Amino acid sequence: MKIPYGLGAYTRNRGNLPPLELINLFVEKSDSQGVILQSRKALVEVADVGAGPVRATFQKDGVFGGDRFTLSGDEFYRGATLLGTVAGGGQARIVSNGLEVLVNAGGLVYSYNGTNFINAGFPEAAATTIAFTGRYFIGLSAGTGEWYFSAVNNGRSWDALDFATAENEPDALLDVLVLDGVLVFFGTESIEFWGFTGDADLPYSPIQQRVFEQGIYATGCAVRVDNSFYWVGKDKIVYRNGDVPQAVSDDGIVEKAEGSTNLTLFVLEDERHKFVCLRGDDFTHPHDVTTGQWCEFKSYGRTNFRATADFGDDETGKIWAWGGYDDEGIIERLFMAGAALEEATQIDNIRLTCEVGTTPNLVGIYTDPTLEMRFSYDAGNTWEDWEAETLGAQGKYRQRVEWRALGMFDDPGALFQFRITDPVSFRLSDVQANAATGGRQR
Amino acid sequence: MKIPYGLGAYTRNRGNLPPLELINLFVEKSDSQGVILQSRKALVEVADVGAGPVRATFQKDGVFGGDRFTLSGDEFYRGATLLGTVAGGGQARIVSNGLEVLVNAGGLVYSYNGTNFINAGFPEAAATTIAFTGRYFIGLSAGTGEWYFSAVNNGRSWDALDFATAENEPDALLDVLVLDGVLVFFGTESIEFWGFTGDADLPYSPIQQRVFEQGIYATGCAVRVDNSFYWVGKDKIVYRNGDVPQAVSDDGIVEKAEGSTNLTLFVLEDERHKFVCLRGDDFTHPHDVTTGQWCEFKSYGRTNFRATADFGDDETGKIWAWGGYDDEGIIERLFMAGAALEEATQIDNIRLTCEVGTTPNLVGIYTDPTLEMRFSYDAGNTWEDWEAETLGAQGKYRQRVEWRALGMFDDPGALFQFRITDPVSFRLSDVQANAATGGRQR
Amino acid sequence: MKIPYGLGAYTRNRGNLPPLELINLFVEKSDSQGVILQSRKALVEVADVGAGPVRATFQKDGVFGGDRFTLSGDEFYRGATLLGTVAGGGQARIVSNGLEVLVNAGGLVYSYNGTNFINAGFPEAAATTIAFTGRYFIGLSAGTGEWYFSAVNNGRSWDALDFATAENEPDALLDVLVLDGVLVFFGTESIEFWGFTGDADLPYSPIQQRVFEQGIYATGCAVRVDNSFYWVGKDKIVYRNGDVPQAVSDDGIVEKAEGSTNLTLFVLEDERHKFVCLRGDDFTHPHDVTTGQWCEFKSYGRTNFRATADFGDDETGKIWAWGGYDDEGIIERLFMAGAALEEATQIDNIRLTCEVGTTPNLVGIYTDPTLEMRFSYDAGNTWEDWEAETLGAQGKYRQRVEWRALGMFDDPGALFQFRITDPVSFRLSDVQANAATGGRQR
Amino acid sequence: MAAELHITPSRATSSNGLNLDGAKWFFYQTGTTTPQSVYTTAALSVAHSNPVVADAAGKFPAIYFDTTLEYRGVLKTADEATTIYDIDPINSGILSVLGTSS
Amino acid sequence: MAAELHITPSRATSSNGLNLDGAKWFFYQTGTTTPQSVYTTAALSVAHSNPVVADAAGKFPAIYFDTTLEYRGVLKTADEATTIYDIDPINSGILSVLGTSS
Amino acid sequence: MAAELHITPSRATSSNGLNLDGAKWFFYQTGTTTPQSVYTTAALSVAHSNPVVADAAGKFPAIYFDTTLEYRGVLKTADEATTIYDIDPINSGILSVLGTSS
């Protein structure tokens with residue numbers, strides 16, 4: 001037959017629901033097989049800077065030849081040169097138009113040019129965010145404030161009379177985003193839209209009847225994923241822009257986001273897989289955007305998958321990319337397959353259709369990966385011992401992975417759990433409950 | 001029965017997926033048969049110019065009587081006359097309104113008239129592209145720049161004060177395209193739209209809220225296929241214009257485009273088959289536009305199917321068209337047919353319904369084309385020996401092509417592979433797994 | 001049973017595809033029977049003028065009492081009066097508002113009034129087309145040109161300063177069409193739209209973002225069929241106006257249009273059947289517009305079905321209409337019925353449900369029409385002898401037309417072919433493969 | 001300066017231990033099943049037939065390739081059946097590989 | 001321009017004239033007895049198992065090396081005994097020898 | 001970067017299927033019938049005898065050439081008769097061909 005294996009990371013603890021979940025495995029389509037589970041690529045080391053938690057990084061091709069701008073700890077690094085220091089704050093941001101590279105924290109705005117790095121001179125003390133690059137530079141004043149704007153392509157000279165107040169949020173302002181020629185201002189209470197005017201004194205004007213009522217949660221909770229954007233909202237429900245804002249988070253992501261009092265959003269780029277990660281206290285649930293299914297990234301030996309607004313680390317000052325396998329030591333990959341059964345059965349067999357015997361190792365302990373499975377009764381509230389089967393050496397492309405002496409299942413549903421914790425790449429297409437016995441040397 | 005043969009070129013190497021693919025065969029509809037595979041026409045020799053890699057060609061009917069303008073190597077050829085030289089650059093382009101023929105590289109703009117060929121006098125040194133013909137001539141300045149425009153129908157006299165800056169991309173500009181009366185400017189970061197004003201000082205004006213966020217990859221990655229156009233994007237995902245930009249590339253085209261650091265796009269014209277080729281380091285995947293299925297063109301004995309922005313060669317200075325057969329020596333044509341099987345079977349037969357015995361040869365070695373097939377186990381990771389059957393001589397329209405002693409298939413799926421490498425035209429409608437034996441002399 | 005007989009004229013010679021086709025038979029709906037094939041009416045003689053190929057004709061009811069204006073050979077005929085001569089050219093056109101009748105060729109514009117016929121005085125030498133009648137007269141200058149306009153309702157007095165240039169096609173202009181108050185100008189490269197202004201100096205203005213990229217093929221390739229219009233395009237794919245231009249030609253019409261270097265379009269009026277004929281070197285494929293299916297009109301003993309932009313002949317100077325039967329001598333009518341078979345069968349019978357025994361002849365050789373059918377093997381690449389059955393005399397409304405000793409069909413499909421070449425009207429509703437034997441004197 | 005290794009040539013033998021006679025190597029192009037020529041001497045002048053034959057004990061004669069173009073060979077018996085070997089690049093390209101890459 | 005010589009491949013046979021089945025080539029590193037990979041295709045993509053097996057008559061499949069690194073091979077029977085051949089540089093270095101010397 | 005093909009070495013067998021013992025390869029100069037040396041190791045240091053012998057089953061030892069100079073080999077039985085093979089350029093010149101031409 002064919003047992004329905006779970007495609008999402010659904011663990012709800014309101015009731016004692018059966019926790020079908022994915023670990024380091026996401027869903028995509030194919031053409032030879034129908035629906036497939038694929039592995040997560042291991043992490044590498046690309047660029048190393050001075051130690052400390054990396055907060056925000058930046059590099060392009062048309063600015064300064066491609067020099068890597070980072071904010072590690074409390075101070076810059078342009079390559080390995082020190083370039084002064086930054087005041088302390090909450091969330092960082094790097095803005096540039098090619099002739100000058102700005103930076104931010106909760107405290108101050110620091111500009112840069114060919115050889116100097118001093119204060120840009122924001123028209124008051126504090127600042128929240130800076131967004132825009134191509135024509136102006138737009139800053140957000142902390143507290144009950146407005147947004148200021150500089151001169152054309154000149155972030156080193158601000159002005160006090162160049163501002164524009166908002167008229168719908170009395171509490172604060174937290175984030176700003178450039179979606180089109182228009183602007184998007186995130187309040188703590190409402191969301192406004194401000195189009196481009198084309199004047200000299202005031203260059204922007206509001207759109208009248210476009211106000212969303214779900215204000216942003218914090219200062220780092222808005223990502224331009226696509227032609228439109230995402231945010232988090234005053235409550236922990238990740239939304240999506242449209243005619244009306246629709247919601248993409250369901251149960252089991254919403255009730256888990258309350259325990260973390262810190263929530264961020266960022267993208268991770270894969271080849272046509274734009275993940276949208278929701279980083280919290282320990283979890284990291286990336287919402288895939290092409291086939292929209294929640295999954296779970298978890299790095300080994302730690303409390304959370306290490307990442308930030310880019311591929312930087314949260315510790316020791318490291319930046320990487322995706323590449324290869326066998327670099328992070330152990331990559332755990334776990335999936336679920338259940339029956340929702342009602343009558344007493346005789347499960348004589350269980351079967352996987354994975355990729356078989358393509359490990360590149362011949363010396364060492366990883367010449368046979370040996371995944372292992374685990375029975376359960378009573379909807380996964382208690383478990384049984386592991387049963388491990390090998391995956392074969394290299395070149396043995398014909399090796400069935402099966403278990404043959406399972407027994408009886410008197411349950412509201414038989415519920416299995418598979419795991420491989422090993423640097424070998426892993427694939428899965430289908431499972432089979434009961435099959436027959438034919439063969440020619442396999 | 002009827003075995004599902006593959007309609008696309010799906011070879012993904014993330015997992016060890018079964019690689020069903022087409023070689024020199026594309027899919028179209030019909031009315032007598034349902035769905036058909038058809039061959040690729042052989043290449044000819046039409047016009048020959050001086051040697052070197054042909055970069056860009058041009059001919060029409062309402063300009064200069066139809067004289068073939070080409071850029072072979074480092075210098076022009078108008079027919080066989082030399083017409084000066086061109087500076088070195090990245091991607092070429094030929095623009096004309098009938099009274100003057102421009103050209104470009106990465107370096108300079110060279111105009112032409114009845115008898116002279118000298119510098120057009122771009123208002124600064126470098127240039128990226130020229131597009132427009134009918135009213136103005138529009139040039140793109142290299143670096144962090146804008147676009148300049150000439151006088152009406154006068155490409156030989158530019159001006160320094162005739163420009164218009166952009167306001168959304170700070171990095172660069174790479175490509176320009178004339179879709180309608182409007183213009184389309186491809187930045188490295190965003191895509192803008194600029195309509196036609198009708199003034200004298202500034203003749204173009206922007207459209208406010210139409211900004212796409214996927215900037216072009218390079219300078220040669222935008223093709224006006226249809227009423228709308230295509231591009232490649234900052235990542236390797238070929239898009240398509242609409243209300244929102246949708247994507248047309250899937251897995252197995254995206255992960256293969258990373259290995260090539262050079263990507264182009266062009267059209268090949270067939271009778272109601274507008275192919276859109278993605279040329280890379282070795283591959284050429286043409287996206288058909290009427291029945292949108294990826295396939296693969298591969299010329300023999302080489303590393304890539306030889307073509308450019310038109311039917312010119314990448315070597316020795318040759319230009320052709322489509323015509324006939326038996327010109328390129330050997331044309332390989334390969335397709336796949338698989339079962340996705342689960343139980344042990346007895347495949348006693350396999351059958352093709354092709355076109356049979358219509359070769360025009362009577363002398364020589366090609367009087368019997370003799371295609372050949374190949375078994376596989378273990379999802380195509382290893383293969384078996386060929387089994388060849390003839391196709392019959394000319395006039396024998398009744399010849400079944402079958403194999404009769406196959407055996408047992410204990411697999412996740414039986415998976416076959418057929419090939420004919422021969423100048424005879426080839427057709428395929430259906431296959432049959434198991435059939436019966438009737439007949440009257442066939 | 002019921003064998004699917006073909007409804008279109010599908011003959012593709014890319015592969016050696018089974019050529020199901022219609023000859024002088026088109027498809028319409030009904031209510032008593034479901035789907036029916038009906039005959040083509042014979043041609044008559046209505047008006048005869050001086051000899052030569054008729055190029056363009058014209059008559060109405062509100063101009064000059066209804067006098068037939070024709071251009072036979074090189075000179076007019078108003079009835080049988082000579083009315084001067086015309087210069088030589090490519091495609092003719094007759095334009096009138098009631099007080100004056102214009103004409104054209106590739107060369108000159110000739111006006112007319114109550115008693116005089118002299119030169120209208122186009123503001124330069126050559127002209128391509130004239131369209132508009134009710135307010136102005138609009139002419140198209142040959143070469144790289146624009147369109148001129150005359151005074152109000154005065155085609156005999158043009159002016160040199162009355163013109164308006166185009167801004168998107170640099171090559172040429174070929175055709176013009178009045179669809180609404182707006183105008184449609186066909187370039188060799190693009191298609192423009194020009195609305196009505198209401199001024200005195202310049203009376204027309206362009207629509208900004210409506211540009212089609214498929215320019216017309218020649219000067220006679222645009223027909224106002226309906227509320228919208230058709231054209232042919234730079235390649236041989238007949239299109240159709242809409243939001244975006246969709247295509248109506250498929251394979252087997254496109255690959256046949258390349259062999260003819262001359263392509264025209266016109267309408268033939270039937271009672272609620274507006275045919276759109278594509279005339280070429282030998283073919284004439286009329287696209288029906290209500291039930292859109294391609295068919296084929298072929299006159300006997302010749303190389304092409306004789307017609308032009310109206311019902312005029314291409315030779316000897318004749319004009320007709322539709323009427324009756326038994327006028328053109330022999331009308332061939334041919335249709336196809338195939339099985340797409342896979343297993344060896346025993347076809348013991350074959351059956352038609354036609355109209356039976358309604359011939360009006362009692363003397364002569366046509367008292368029994370006697371259609372005949374023809375076997376085939378090997379997808380129609382070779383055939384067999386005819387088997388003829390009579391249709392019965394007049395008044396015998398009960399006569400089955402069947403063949404009883406067919407035999408075995410070991411094929412990729414049994415494939416039959418029927419033909420009647422006889423002035424009797426012909427109908428077909430259904431066919432039957434195997435039937436039973438009941439009856440009372442029939 | 002470098003050591004070239006020697007391999008003793010074999011005979012055309014069947015699935016059993018017995019020797020075969022009249023075995024035929026068919027030499028082709030790269031992957032196309034179109035016949036190419038095979039030369040008999042140290043130089044590249046005299047080409048013998050493309051279906052070669054062996055002796056009564058299964059001795060093939062001296063077989064030399066042209067290293068600027070690829071090859072493909074099979075084995076058949078006298079009745080044109082029971083394909084023994086099939087090797088798709090049966091030649092090792094010395095000049096044709098170094099001339100296109102490396 | 002140059003003539004490449006052809007050698008017909010043999011079977012795995014014992015000390016007598018009989019053929020062996022299940023014979024195993026063990027391919028190693030240069031002199032270290034550490035297992036390396038051996039590829040099955042014209043390219044260097046798909047690597048089959050390092051202990052290879054033959055057919056019931058002693059047919060080994062298509063065996064291709066990587067010429068930028070040395071090899072060493074042996075033969076054993078099914079019972080892992082009676083070492084038939086042992087050749088220490090069993091590969092002939094085309095690129096790996098010209099890249100270090102000459 | 002390039003694929004080197006493998007050929008299993010054969011034994012010294014007669015016209016029948018039986019194996020021969022004491023078979024002798026005589027290695028010569030290019031075409032002159034003058035004896036040259038044949039080395040036994042991976043390097044080019046220790047040269048064994050030019051008339052080589054096989055085992056009781058027909059196993060020849062590891063035979064290595066010197067690629068800067070041509071060779072020519074034959075086969076004989078123990079009684080110095082019944083010449084089995086004779087190949088005039090039995091070596092494939094890697095360095096000696098590229099050093100004079102190409």
# chains A, B, ... in the order shown; residues from 1 in each chain; ligands from 1
$ closest_atom_pairs --of "chain B" --to "chain D" --cutoff "12 Å" --atoms "only C-alpha atoms" --output "CSV"
residue,atom,partner,partner_atom,distance
B:300,CA,D:32,CA,9.8
B:301,CA,D:30,CA,8.7
B:302,CA,D:100,CA,9.6
B:303,CA,D:100,CA,9.8
B:329,CA,D:32,CA,10.4
B:330,CA,D:32,CA,7.4
B:331,CA,D:32,CA,8.9
B:332,CA,D:32,CA,7.7
B:333,CA,D:32,CA,10.5
B:334,CA,D:32,CA,11.8
B:364,CA,D:34,CA,11.3
B:365,CA,D:34,CA,8.1
B:366,CA,D:34,CA,9.0
B:368,CA,D:34,CA,11.6
B:369,CA,D:33,CA,9.6
B:370,CA,D:33,CA,8.8
B:371,CA,D:33,CA,9.2
B:372,CA,D:33,CA,9.5
B:383,CA,D:86,CA,12.0
B:384,CA,D:86,CA,9.7
B:385,CA,D:86,CA,7.1
B:386,CA,D:86,CA,8.7
B:387,CA,D:83,CA,9.8
B:388,CA,D:33,CA,10.1
B:419,CA,D:32,CA,9.1
B:420,CA,D:32,CA,7.9
B:421,CA,D:32,CA,5.3
B:422,CA,D:32,CA,7.6
B:423,CA,D:32,CA,11.0
$ interface_residues --of "chain C" --to "chain B" --cutoff "7 Å" --atoms "only C-alpha atoms" --output "list in words"
residues 10, 15, 16, 18, 167, 168, 169, 170, 171, 172, 208, 209, 211, 212, 213, 237, 254, 255, 344, 378 and 410 of chain C
$ write_last_selection --atoms "C-alpha atoms" --output "tab-separated table (two decimals), in the first residue's frame"
chain	number	residue	atom	x	y	z
C	10	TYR	CA	-5.39	18.05	-41.20
C	15	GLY	CA	6.02	13.22	-40.13
C	16	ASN	CA	4.12	10.77	-42.29
C	18	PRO	CA	-2.45	10.05	-41.45
C	167	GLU	CA	6.53	56.97	-34.89
C	168	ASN	CA	7.09	53.22	-34.49
C	169	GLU	CA	7.69	51.58	-37.88
C	170	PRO	CA	10.82	52.65	-39.78
C	171	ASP	CA	10.51	50.23	-42.69
C	172	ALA	CA	7.22	50.81	-44.53
C	208	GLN	CA	-0.66	55.23	-26.37
C	209	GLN	CA	-0.08	51.67	-25.12
C	211	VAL	CA	0.98	48.22	-30.12
C	212	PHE	CA	0.99	44.71	-31.57
C	213	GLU	CA	4.35	43.29	-32.60
C	237	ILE	CA	0.25	32.38	-38.60
C	254	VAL	CA	1.24	26.99	-41.31
C	255	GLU	CA	3.75	24.64	-42.93
C	344	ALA	CA	-6.72	-7.41	-35.11
C	378	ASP	CA	-0.18	1.64	-43.24
C	410	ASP	CA	-3.84	-5.49	-38.62
$ interface_residues --of "chain F" --to "chain E" --cutoff "7 Å" --atoms "only C-alpha atoms" --output "ChimeraX atom specification"
/F:1-10,17-19,42,57,62,92
$ write_last_selection --atoms "N, CA, C and O atoms" --output "mmCIF file, in the first residue's frame"
data_model
loop_
_atom_site.group_PDB
_atom_site.id
_atom_site.type_symbol
_atom_site.label_atom_id
_atom_site.label_comp_id
_atom_site.auth_asym_id
_atom_site.auth_seq_id
_atom_site.Cartn_x
_atom_site.Cartn_y
_atom_site.Cartn_z
ATOM 1 N N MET F 1 40.749 14.071 -14.644
ATOM 2 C CA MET F 1 40.091 14.830 -15.699
ATOM 3 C C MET F 1 39.786 13.944 -16.904
ATOM 4 O O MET F 1 38.833 14.189 -17.642
ATOM 5 N N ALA F 2 40.603 12.913 -17.096
ATOM 6 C CA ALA F 2 40.427 11.978 -18.198
ATOM 7 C C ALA F 2 40.273 10.556 -17.668
ATOM 8 O O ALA F 2 40.761 10.202 -16.594
ATOM 9 N N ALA F 3 39.579 9.732 -18.449
ATOM 10 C CA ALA F 3 39.282 8.356 -18.068
ATOM 11 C C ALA F 3 40.267 7.419 -18.755
ATOM 12 O O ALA F 3 40.368 7.391 -19.985
ATOM 13 N N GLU F 4 40.993 6.654 -17.950
ATOM 14 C CA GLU F 4 41.887 5.617 -18.445
ATOM 15 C C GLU F 4 41.179 4.274 -18.367
ATOM 16 O O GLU F 4 40.573 3.946 -17.342
ATOM 17 N N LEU F 5 41.256 3.497 -19.440
ATOM 18 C CA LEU F 5 40.537 2.235 -19.515
ATOM 19 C C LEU F 5 41.399 1.097 -18.982
ATOM 20 O O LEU F 5 42.626 1.110 -19.098
ATOM 21 N N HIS F 6 40.736 0.103 -18.398
ATOM 22 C CA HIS F 6 41.396 -1.050 -17.808
ATOM 23 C C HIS F 6 41.164 -2.298 -18.647
ATOM 24 O O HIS F 6 40.054 -2.542 -19.126
ATOM 25 N N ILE F 7 42.220 -3.091 -18.807
ATOM 26 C CA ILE F 7 42.169 -4.365 -19.510
ATOM 27 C C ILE F 7 42.790 -5.419 -18.605
ATOM 28 O O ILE F 7 43.909 -5.237 -18.115
ATOM 29 N N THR F 8 42.060 -6.503 -18.366
ATOM 30 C CA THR F 8 42.579 -7.580 -17.532
ATOM 31 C C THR F 8 43.653 -8.347 -18.289
ATOM 32 O O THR F 8 43.462 -8.668 -19.469
ATOM 33 N N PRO F 9 44.785 -8.656 -17.667
ATOM 34 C CA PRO F 9 45.833 -9.397 -18.373
ATOM 35 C C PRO F 9 45.476 -10.865 -18.529
ATOM 36 O O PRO F 9 44.770 -11.451 -17.707
ATOM 37 N N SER F 10 45.976 -11.456 -19.607
ATOM 38 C CA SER F 10 45.658 -12.826 -19.963
ATOM 39 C C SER F 10 46.795 -13.763 -19.575
ATOM 40 O O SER F 10 47.770 -13.377 -18.927
ATOM 41 N N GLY F 17 42.414 -24.837 -25.782
ATOM 42 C CA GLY F 17 42.090 -24.086 -24.589
ATOM 43 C C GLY F 17 43.045 -24.248 -23.432
ATOM 44 O O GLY F 17 42.868 -23.592 -22.402
ATOM 45 N N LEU F 18 44.059 -25.096 -23.568
ATOM 46 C CA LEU F 18 44.961 -25.395 -22.469
ATOM 47 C C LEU F 18 45.956 -24.259 -22.259
ATOM 48 O O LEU F 18 46.241 -23.468 -23.162
ATOM 49 N N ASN F 19 46.485 -24.190 -21.044
ATOM 50 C CA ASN F 19 47.481 -23.193 -20.691
ATOM 51 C C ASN F 19 48.876 -23.714 -20.999
ATOM 52 O O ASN F 19 49.134 -24.919 -20.966
ATOM 53 N N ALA F 42 58.226 -0.418 -10.505
ATOM 54 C CA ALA F 42 57.550 0.819 -10.877
ATOM 55 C C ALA F 42 58.518 1.837 -11.457
ATOM 56 O O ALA F 42 58.198 2.506 -12.445
ATOM 57 N N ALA F 57 51.289 -22.255 -14.720
ATOM 58 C CA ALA F 57 49.985 -21.985 -15.303
ATOM 59 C C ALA F 57 50.032 -20.896 -16.367
ATOM 60 O O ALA F 57 49.021 -20.648 -17.029
ATOM 61 N N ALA F 62 55.313 -8.731 -13.552
ATOM 62 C CA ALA F 62 55.081 -7.337 -13.905
ATOM 63 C C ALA F 62 56.141 -6.865 -14.892
ATOM 64 O O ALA F 62 57.341 -6.922 -14.607
ATOM 65 N N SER F 92 53.387 1.710 -26.865
ATOM 66 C CA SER F 92 52.750 2.938 -27.326
ATOM 67 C C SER F 92 53.566 4.128 -26.833
ATOM 68 O O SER F 92 53.631 4.387 -25.628
#
$ atom_distance --atom1 "CA of residue 262 (chain A)" --atom2 "CA of residue 279 (chain A)"
8.2 Å
$ atom_distance --atom1 "CA of residue 185 (chain A)" --atom2 "CA of residue 59 (chain A)"
25.4 Å
$ select_by_dssp --residues "region 85-247 of chain A" --states "strand (DSSP E)" --output "MDAnalysis selection string"
chainID A and resid 93:96 101:104 109:110 138:140 147:149 163:164 173:178 183:187 191:196 204:206 222:223 230:231 239:240 246:247
$ atom_distance --atom1 "CA of residue 118 (chain B)" --atom2 "CA of residue 186 (chain B)"
29.1 Å
